[PDB]
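So this first bit is one chain, no partners, the form deposited in one PDB entry, shown in structure tokens.
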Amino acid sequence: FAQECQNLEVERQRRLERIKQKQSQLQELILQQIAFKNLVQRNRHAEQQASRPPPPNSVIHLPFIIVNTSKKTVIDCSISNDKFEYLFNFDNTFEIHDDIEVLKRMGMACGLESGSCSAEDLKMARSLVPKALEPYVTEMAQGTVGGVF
């Protein structure tokens, strides 16, 4: 049934690609869940310790984006009337980072991005995720996420 077998095998490969994409998405969503919840509890606790919430200007709410370049790098800004459109010119390398990426580098995801968890990091991570997602977190902690189940 070689003809039918060809049809099943492309279907199989098509599903293998969907699963692979979904596994990455699942991971990322778990890391966001952990990171957001971790940030929120860091701030909740820091607002107890010496009361008075932080001054508005010293604080950036999510979502946001970061752009960094050398302090020397010439930047040319152009803005539309309504501030809907912007254009920046750079005379040197710059970097763009997401808030999630910032949160990860702050250690909000408990090192889970790269399996770099201490016992306490992992415990923290496990407690910020519902029980059903625990086994997957364990998978992420070991790097044994692939093999494509």
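Sequential numbering from 1, following the sequence displayed. Rigid core (definition): largest C-alpha set, two forms, superposition within 1.5 Å.
Beyond what is shown, the protein has a form deposited in another entry; the following relates to that form.
Engineer: Just checking, between this form and the one not shown and with the core aligned, does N68 shift 2 Å or more at the CA?
Structural biologist: Moves: no, less than 2 Å.
Engineer: Given a superposition on the rigid core, I'd like a yes or no on whether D91 shifts its C-alpha by 2 Å or more between this form and the one not shown.
Structural biologist: Shift at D91: 2 Å or more after core fit.
Engineer: Superpose on the rigid core, then tell me if the C-alpha of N43 is displaced by 2 angstroms or more between this form and the one not shown.
Structural biologist: The answer is no, as the C-alpha of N43 shifts between this form and the one not shown by less than 2 Å after core alignment.
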